[PDB]
Amino acid sequence: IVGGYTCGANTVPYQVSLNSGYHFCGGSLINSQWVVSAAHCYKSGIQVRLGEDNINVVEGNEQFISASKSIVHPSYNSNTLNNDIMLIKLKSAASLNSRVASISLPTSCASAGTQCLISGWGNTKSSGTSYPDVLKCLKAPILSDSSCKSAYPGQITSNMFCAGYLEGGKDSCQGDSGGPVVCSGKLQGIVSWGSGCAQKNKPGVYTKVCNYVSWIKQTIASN
Ligand SMILES: NC(=[NH2+])c1ccc2[nH]c(-c3cccc(-c4ccccc4)c3[O-])cc2c1
Ligand SMILES: [Ca+2]
Ligand SMILES: [Cl-]
């Protein structure tokens, strides 16, 4: 997260770190046995780490659970990143409490202007790599479809939305992919891609979760 602030330990209880010996992506806990992340974060050997703040220190509240299966959306396109969503089923359910909680899926899509919270352990520099130990947060608004399409002509599908600041300075970045974009208590997006990080007129692009709720529900109900 570039231009954000330190969240404060366990203030984002639905945030998870996907780990394979190092942190490579974020994700969101939506119930006690399922996590939603981005399809491009898929790999084998995933350990899901819940209740984290400093990802390099066991401070207490952590729960490390292996993924039993990861379900990449069947129409995921790795060239356009269209349908960049994945569901991960945990080997055992997690113990929910005030430090580990799930986030609700939305019933409707959000409108431009909506203020959301984006978080993660990704790079905090736009020009260079500085990875934090604790979780960073950024409050950012959803942009209108026209500004998004004018920024990325021909690359935005109906399953994506832009959020951020066109003046540059604040954005999600590498290491944040797969994580949450929460607006009014509902998970509206998943960190997907962007051109550089925090560059002028190149906002972050997110997977539009409201378009996949029936798919998430039906898939979880059958697995
Ligand atoms: N400007 C943004 N808003 C933004 C958001 C998420 C991002 N993720 C990345 C990213 C960069 C290199 C590798 C990965 C990656 C690749 C495979 C698996 C996991 C992460 C990224 O997600 C860049 C990147 C940029
Ligand atoms: Ca820790
Ligand atoms: Cl277009």
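Any read-out appearing in this document is the output of simple, stated calculations on the displayed coordinates, not a laboratory observation. Here the Cβ positions follow ideal geometry from the backbone for every residue, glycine too, while neighbour counts run over all protein chains shown.
Per the Debye calculation on the range 7-89 with a single equal scatterer at every Cα and no solvent contribution, log₁₀ I(q)/I(0) for q = 0.25, 0.26, 0.27 Å⁻¹ amounts to -1.23, -1.30, -1.36. Extension gain for residue 58-residue 108 works out to 14.2 nm (0.36 nm per residue, less the C-alpha to C-alpha distance). Ordering 24, 64 by the number of other Cβ atoms within 10 Å of each residue's own Cβ, fewest first, gives 64, 24.
On the basis of the beta-carbon distance and an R0 of 22 Å, residue 130 and residue 201 show a calculated FRET efficiency of 0.40.
Using label points projected 7 Å from each Cα along Cα→Cβ, tell me how many nm separate residue 93 and residue 69, to one decimal. That separation, rounded to one decimal, is 1.9 nm.
Estimated at 0.36 nm per residue, the fully extended path between residue 6 and residue 145 surpasses their Cα-Cα distance by 47.1 nm. Rounded, prolate or oblate for the range 97-223? Axes are the square roots of the Cα gyration tensor eigenvalues, ordered a ≥ b ≥ c, and the cut-off for rounded is a/c under 1.5. Oblate, because a/c is 1.5 or more while a/b does not exceed b/c. Can you work out the PRE-style zone for residue 78? Point 7 Å along Cα to Cβ, and I want the residues of the range 22-63 with backbone N under 18 Å. Hits in the range 22-63 for residue 78 at 18 Å: 24-25, 37-46.
With just the Cα atoms defining each centre, how far is the range 117-187 from the range 73-111? Give it in Å. Using only Cα atoms to place each centre, the spacing works out to 16 Å.
Would you look at the GNM of the chain, springs on alpha carbons closer than 10 Å, and say which of 79, 19, 97 moves the most? Checking each option, the largest mean-square fluctuation is seen for 79.
Once the Cβ-Cβ distance of residue 44 and residue 167 is raised to the sixth power relative to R0 = 41 Å, the FRET efficiency obtained is 0.50.
Over all directions, the projected convex hull of the C-alpha atoms in the range 15-171 averages 10.3 nm² in area. Listed cross-link partners 43/149; 125/200; 149/217 are compared with a 26 Å cut-off, the Cα-Cα value being larger for 43/149; 149/217.
Our helix-only sum for the chain, with -39,500 (n - 2.57) per DSSP H run of n ≥ 4 divided by its residues, gives a mean residue ellipticity at 222 nm of -2000 deg cm²/dmol.
Shape analysis of the range 42-130 places it in the rounded category; the axes a ≥ b ≥ c from the Cα gyration tensor give an a/c below 1.5. Counting beta carbons within 10 Å around each of 133, 84 and listing the fewest first gives the order 133, 84. Taking one quarter of the surface of the convex hull spanned by the alpha-carbon atoms of the range 2-48 gives a direction-averaged projected area of 4.2 nm². Sorting 62, 167, 52 by the number of Cβ atoms found within 10 Å of their own Cβ, with the fewest placed first, yields 167, 62, 52.
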